[PDB]
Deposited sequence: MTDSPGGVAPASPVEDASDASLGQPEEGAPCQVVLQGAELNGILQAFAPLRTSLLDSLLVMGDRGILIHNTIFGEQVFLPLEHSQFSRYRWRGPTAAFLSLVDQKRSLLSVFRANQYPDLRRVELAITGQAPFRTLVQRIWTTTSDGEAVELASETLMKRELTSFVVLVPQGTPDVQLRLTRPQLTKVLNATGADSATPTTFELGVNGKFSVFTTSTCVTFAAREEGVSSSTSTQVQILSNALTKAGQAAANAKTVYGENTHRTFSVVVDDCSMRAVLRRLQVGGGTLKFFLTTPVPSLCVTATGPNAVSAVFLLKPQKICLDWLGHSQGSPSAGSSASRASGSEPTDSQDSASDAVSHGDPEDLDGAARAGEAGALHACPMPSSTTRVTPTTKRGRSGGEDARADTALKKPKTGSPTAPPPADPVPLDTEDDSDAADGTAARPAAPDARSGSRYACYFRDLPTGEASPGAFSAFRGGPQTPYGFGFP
């Protein structure tokens, strides 16, 4: 019974919620994808890609079987299975469970929810039981490979780098890491700088050896990074591809990540 089971007992639940609390009804509408390795949540925000990898490590019991499965988070296109992890959607939550059943396409997922009610006991939040069917086919496009460079922006200097970005669509913006490791992010109007090393000027870094400068045409970057309450985060760069990209992930053991397409401006 239930060939696939995934469980979040209280010991592990807070491991998810600590990553999910910064999310404020921002990720509620998302695709799920499942295999042996855990859950991947995915959504587009203001026209740019966001991902949350929830590794099977973060779970108290886990089993996967057969091919990967994918599900949209909404039910009735109104309620959502991700709701459990939002703020105090429910005041208490002793555990939550995903179970997947059936075969090939047309597998059936149920999400089951239990709450402490004092009295030394927990009971089903039965009316809130969610039932969703695997989508028959999907394409999802997901990132790969080792990043070229990483910078570890703590919350204050993340905020400064973020505030220095432009707006609308006309205005330019560029990320830089030049020789001596200045991390001199700038626009034609505004400029900042941070001392990359492989006092409060410094950004701790990896693979900073490689030096570059690159513009971004993407609007709303900061809007996305606020919707997500980004409590600081590492920036890691992908530069070997014919179109480069910058991935921003929150600082922590598990994190939401957002991937921004850079210009192929060499």
item	value
Unmodelled ranges, which are counted on the deposited sequence from position 1 and given in order	1-27, 226-251, 320-488
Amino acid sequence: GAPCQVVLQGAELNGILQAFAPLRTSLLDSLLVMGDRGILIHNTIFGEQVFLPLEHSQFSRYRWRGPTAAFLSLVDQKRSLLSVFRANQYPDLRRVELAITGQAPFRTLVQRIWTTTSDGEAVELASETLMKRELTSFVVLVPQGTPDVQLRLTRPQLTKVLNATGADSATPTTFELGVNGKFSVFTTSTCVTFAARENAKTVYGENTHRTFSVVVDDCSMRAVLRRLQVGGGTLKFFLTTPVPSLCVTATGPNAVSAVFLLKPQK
From here on, numbers count along this sequence of modelled residues.
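We call the rigid core whatever largest set of C-alpha positions still superposes within 1.5 Å between the two forms.
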| item | value |
| --- | --- |
| Segment of greater CA departure in 4 other deposited structures of this protein, 166-174 or 84-92, core superposed | 166-174 |
| Higher-deviation segment by CA RMS in 4 other deposited structures of this protein, core fitted, 243-251 or 11-19 | 11-19 |
